[PDB]
Amino acid sequence: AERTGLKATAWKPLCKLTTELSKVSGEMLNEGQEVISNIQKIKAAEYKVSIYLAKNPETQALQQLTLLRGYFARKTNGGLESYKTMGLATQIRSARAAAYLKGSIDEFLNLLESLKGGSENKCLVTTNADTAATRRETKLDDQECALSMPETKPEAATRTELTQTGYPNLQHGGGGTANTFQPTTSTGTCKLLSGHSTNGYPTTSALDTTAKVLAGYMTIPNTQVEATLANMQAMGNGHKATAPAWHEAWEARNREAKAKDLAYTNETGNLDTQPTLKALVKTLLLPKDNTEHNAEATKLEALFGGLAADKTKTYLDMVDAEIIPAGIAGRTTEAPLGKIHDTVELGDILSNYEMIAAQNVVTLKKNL
Amino acid sequence: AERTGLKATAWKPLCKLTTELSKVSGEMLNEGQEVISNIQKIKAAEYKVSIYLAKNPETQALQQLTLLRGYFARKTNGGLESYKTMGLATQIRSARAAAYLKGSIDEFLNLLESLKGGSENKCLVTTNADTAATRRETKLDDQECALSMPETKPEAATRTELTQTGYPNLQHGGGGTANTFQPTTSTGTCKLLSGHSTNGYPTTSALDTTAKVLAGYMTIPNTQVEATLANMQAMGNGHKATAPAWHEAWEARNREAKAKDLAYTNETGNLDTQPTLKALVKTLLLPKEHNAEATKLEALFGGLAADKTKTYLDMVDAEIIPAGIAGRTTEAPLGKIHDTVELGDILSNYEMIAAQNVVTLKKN
Ligand SMILES: *[C@@H]1O[C@H](CO)[C@@H](O[C@@H]2O[C@H](CO)[C@@H](O[C@@H]3O[C@H](CO)[C@@H](O)[C@H](O[C@H]4O[C@H](CO)[C@@H](O)[C@H](O)[C@@H]4O[C@H]4O[C@H](CO)[C@@H](O)[C@H](O)[C@@H]4O)[C@@H]3O)[C@H](O)[C@H]2NC(C)=O)[C@H](O)[C@H]1NC(C)=O
Ligand SMILES: *[C@@H]1O[C@H](CO)[C@@H](O[C@@H]2O[C@H](CO)[C@@H](O[C@@H]3O[C@H](CO[C@H]4O[C@H](CO)[C@@H](O)[C@H](O)[C@@H]4O)[C@@H](O)[C@H](O[C@H]4O[C@H](CO)[C@@H](O)[C@H](O)[C@@H]4O)[C@@H]3O)[C@H](O)[C@H]2NC(C)=O)[C@H](O)[C@H]1NC(C)=O
């Protein structure tokens, strides 16, 4: 009916959504940290191969290891650039889109909760006009509904309330007298939900226009009908006009950069299909006057014994086993590269071996 | 004044604040971009010195350049780690804090704007009860008041509405019948602003309690008085209880990591006062007494003035990378090569040539 409260079938999905949205910022922190961690891990790999080369100038694996060092360098350096130029924006965009939409939901729900007055005024109701939802701490009846934003810390958010498709649990309809999301008359009423003057909010004159609230989701009529709830289940371009904050949280969520993305992970598949690897074969190893078709593939087979992805493994294993003795970079005890993961530490070790490598040349040249 | 509309003196500050908050996300994007940029600059310096060493093994500047190389590496690697562990959270925090607050403000302002109906219902008024503010695109009575969020793109926000101290332009007072933020009665009314049943919103019974709206800033009474506006000018711990979203945007804004912070910038001071530089003298250069690092630095650089590294850095910058290295088309000095991907390719190629040199010297 006109001007009864909103049923729990309509507001409980909003409580679920605000609960879900509350963790998006934190999930964006977590995802950013994992992106940076991945960049770091690839930098560490660059460093390990670099250190092995500096320590072992006479290696018989010079070309294989040069290639791999170059590969990891491109991947970490390009990854960090991609995070700056594209990735970080997606994560900030989604955190703020969720937070903006959540702020409007929380404000409107709070206002409806607050318009409770004796038997005659109740806006968040259960299944009839007379029974207000009961707040107990952060719950409204049995549904978590904390109209607050938590501390930003790493989180894993739920993915049921705002999916790839849209907002599947938000109800849609209303706008007549069917008692769909506002029950039949009894005693309690929520005049805010009608902009008509006989039984609704305004004095004497109806509202000049229908009102859009909940950032465009809900229409408050200026005629003697129920509020309308828009269809948010199948989101798309048209919501940019009718419900921009809802379209924006949806699209931003779908466009989040992930640590598992191509930009921030090692390439996969056969060696000649790893585009950074293949390009570096041509950059670092081929003569500039190479005349051959598929020269990169041929060189990779000559280097690694085939094109399967696991053909690099014995080389990376050799790097990992290499022991860095106590005394390099002030280190107290020996350790194999495979146990040293800290980028600052690895940077120090590389620095020390580049000096040692220069000293080696000077000594050689001195001996003649 | 019970149940008349809000004067422009009260709501225009809210418009100003939502306008300012609209750019906070984009400023945090810019800030994070500059942090990364600074980390990349230091990395580029790490690479240039490395490349110089790989190309010039007999340099008489070996110790100086090894130290600088090591310093840039600690700085850039430590910087990125600091951004992951501490900085990035500060920036996402502030973006989302501002956005959350803005979402509440925009929703409530929108509602007030929307409760306009004939001569008798007007909630955002000018200076009297009968004159509603006029919207013209993004402006309300000529004040910017776009109840929307822009695209997230790098930009700089204003700092007049949410300052280090608080919210200086938001009014405070109300709660009686002084006509302070709601004008004397005439024909227009805003019944939402009173929770008392004779002239205000609710039918028959007053609201059970006062209502807190605008995320705690505004109190709607359940007695025959004007709304109350909280004092938000000097923020502090008391606002945690009563206006937590306002406290959160304010503290988060204050705590933003900046690209100019110590974790993302070169050290300054006399050379012996630069703690990374000093530590590395011991890590990389010093065998095994008092002031040994300072003494070594002075000898290496010909003094301890901060600019005593400049000669070494200028020599690196001048080093030409000829066409043909790492597929490059043209020659350029290191000083004109800034792209970290390109620099990593250059180092890769020169370390291979360097190892080939050793193998040749040992053969001969
Ligand atoms: C931390 O500190 C490091 C070290 O200082 C920073 O790394 C250097 O960063 C700068 C970029 O900011 C980079 O490029 C130089 O930038 C200067 C302009 O901003 C230029 O002065 C310099 O160019 C000179 O040398 C070129 C190559 O020789 C010349 O072609 C050019 O014409 C300039 O030459 C003039 O200047 C020299 C010396 O003053 C003098 O002989 C004549 O006037 C000459 O005509 C570069 O483009 C450096 O390459 C970086 N240094 C290294 C060693 O990598 C890092 O950015 C800092 N980090 C942060 C966050 O600030
Ligand atoms: C891109 O790819 C590089 C190259 O693989 C990765 O760098 C390696 O990262 C690993 C894991 O941190 C480093 O540590 C060593 O891992 C080896 C196994 O690595 C593979 O399997 C793990 C688990 O699935 C993957 O996470 C990893 O990506 C690899 O696929 C272990 O075998 C090593 O231990 C062995 O060696 C030491 C010494 O010989 C012994 O003490 C052990 O008992 C054991 O025999 C070790 O744990 C490894 O050092 C890195 N390699 C190099 C060259 O740096 C990057 O992490 C990856 N980047 C991303 C984002 O995935």
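Line by line, the protein sequences give chains A and B. All residue numbers for the first sequence refer to the authors' numbering, where the first residue is 1 and numbers rise by one. Going by the authors' numbering, the letters in the second sequence line up with residues 1 to 288, 292 to 367, in that order. Here a beta-carbon is modelled for each residue, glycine too, at the ideal position from N, C-alpha and C.
*Ends of the beta strand (DSSP E) at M355(A)?*
Bounds of any beta strand (DSSP E) do not take in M355(A); it lies within the alpha helix (DSSP H) bounded by 343-367.
_Using a Cβ-Cβ cutoff of less than 6 Å, which residues in the same chain neighbour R253(B) once the five nearest sequence positions on both sides are dropped?_
Answer for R253(B): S94, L162, listed in chain order.
_Check whether chain A comes within 9 Å of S194(B), counting only Cβ atoms and requiring the distance to be less than that._
By this cut-off, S194(B) is not an interface position.
*Start and end of the beta strand (DSSP E) containing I220(A)?*
Element bounds for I220(A): 218-220.
*asked:* Quick check: what's the CA-CA separation for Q224(B) versus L88(B)?
replied: Near 48 Å, if we compare the C-alpha coordinates of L88(B) and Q224(B).
*Just mark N294(A) as buried or exposed, buried being the case when its beta carbon has 16 or more other beta carbons within 10 Å.*
Exposed, since its Cβ has fewer than 16 Cβ neighbours within 10 Å.
*Any residues in the stretch 16-30 of chain A with a beta carbon nearer than 7 Å to a beta carbon of chain B? Which ones, in chain order?*
Residues of the stretch 16-30 of chain A with a C-beta less than 7 Å from any C-beta of chain B: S25, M28, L29, listed in chain order.
*Give a yes or no on whether 9 Å exceeds the smallest Cβ distance from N222(B) to chain A.*
When Cβ-Cβ separations below 9 Å define contact, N222(B) makes contact with chain A.
*asked:* Quick check: what's the CA-CA separation for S119(A) versus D208(B)?
replied: If you take the alpha carbons of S119(A) and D208(B), they lie about 10 Å apart.
*asked:* Let's see if you can read the secondary structure: which residues bound the beta strand (DSSP E) around residue 289(B)?
replied: Between 288 and 292 the numbering of chain B has a gap, and residue 289(B) falls inside it, with no coordinates.
*Inspect the CB distances between the stretch 182-193 of chain B and the stretch 105-119 of chain B and report whether three or more fall short of 8 Å.*
The stretch 182-193 of chain B makes contact with the stretch 105-119 of chain B, as at least three CB pairs between them are under 8 Å.
*Let me know the secondary structure DSSP gives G79(A) once reduced to three states.*
Residue state, collapsed to three classes: helix.
*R253(B) at chain A interface by Cβ criterion, 9 Å*: At a cut-off of 9 Å, the C-beta of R253(B) has no neighbouring C-beta in chain A.
*Between the CA atoms of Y201(B) and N199(A) - distance to the nearest angstrom*: Straight through space, the alpha carbons of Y201(B) and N199(A) are spaced by roughly 12 Å.
*Less than 8 Å between the CB of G175(A) and some heavy atom of ligand 2, yes or no?*
No; taking the cut-off as 8 Å, the Cβ of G175(A) has no heavy atom of ligand 2 nearer than that.
*Can you tell me the Cα-Cα spacing of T187(B) and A129(B), whole angstroms?*
Rounded to whole angstroms, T187(B) to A129(B) spans 7 Å at the Cα level.
*Would you verify that the beta carbon of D208(B) is, or is not, closer than 9 Å to some beta carbon of chain A?*
Interface residue, yes.
*Quick one: is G238(B) near chain A, going by C-beta distance under 9 Å?*
Chain A places no beta carbon closer than 9 Å to that of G238(B), leaving this residue out of the contacts.
*What residues of chain A sit near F108(B), judged by a beta carbon separation below 7 Å?*
Among the residues of chain A, those whose CB is under 7 Å from the CB of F108(B) are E107, following chain order.
*What residues are listed by DSSP as bridge partners for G117(B)?*
DSSP lists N121(B) as partners of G117(B).
*Of all the residues that make up the stretch 340-351 of chain A, which are near chain B by a beta-carbon distance shorter than 9 Å?*
Under the 9 Å Cβ criterion, the stretch 340-351 of chain A contributes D342, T343, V344, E345, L346, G347, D348, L350, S351.
*Any idea which residues DSSP pairs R136(A) with across the strands?*
Looking at the DSSP assignment, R136(A) forms a beta bridge with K139(A).
*Which residue comes first and which comes last in the alpha helix (DSSP H) that contains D272(B)?*
That residue, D272(B), is in no alpha helix (DSSP H); it is neither H nor E in DSSP.
*What does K258(B) touch in chain A if you count any residue whose Cβ is under 7 Å from its own?*
Within 7 Å Cβ-Cβ: nothing; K258(B) doesn't reach chain A, min ~15 Å.
*With C-beta atoms as the reference, is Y100(B) less than 9 Å away from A249(B)?*
Going by C-beta atoms, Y100(B) is nearer than 9 Å to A249(B).
*Mind the definition here: the stretch 139-153 of chain A touches the stretch 22-40 of chain A only if three or more C-beta pairs lie below 8 Å; say whether that holds.*
Segment contact: the stretch 139-153 of chain A against the stretch 22-40 of chain A, three or more CB-CB distances shorter than 8 Å; contact assigned.
*Starting from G174(A), follow its DSSP beta bridges and name the residues at the other end.*
According to DSSP, residue pairing for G174(A) in a beta bridge involves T228(A).
*asked:* Measuring straight from C-alpha to C-alpha, what distance separates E267(B) and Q33(B)?
replied: C-alpha of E267(B) to C-alpha of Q33(B): approximately 20 Å in a straight line.
_Against chain B, does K299(A) count as a neighbour if the rule is that its beta carbon must be under 9 Å from one of theirs?_
No, no contact with chain B.
*Taking the alpha-carbon positions, what's the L368(A) to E31(A) distance?*
Approximately 55 Å between the Cα atoms of the pair.
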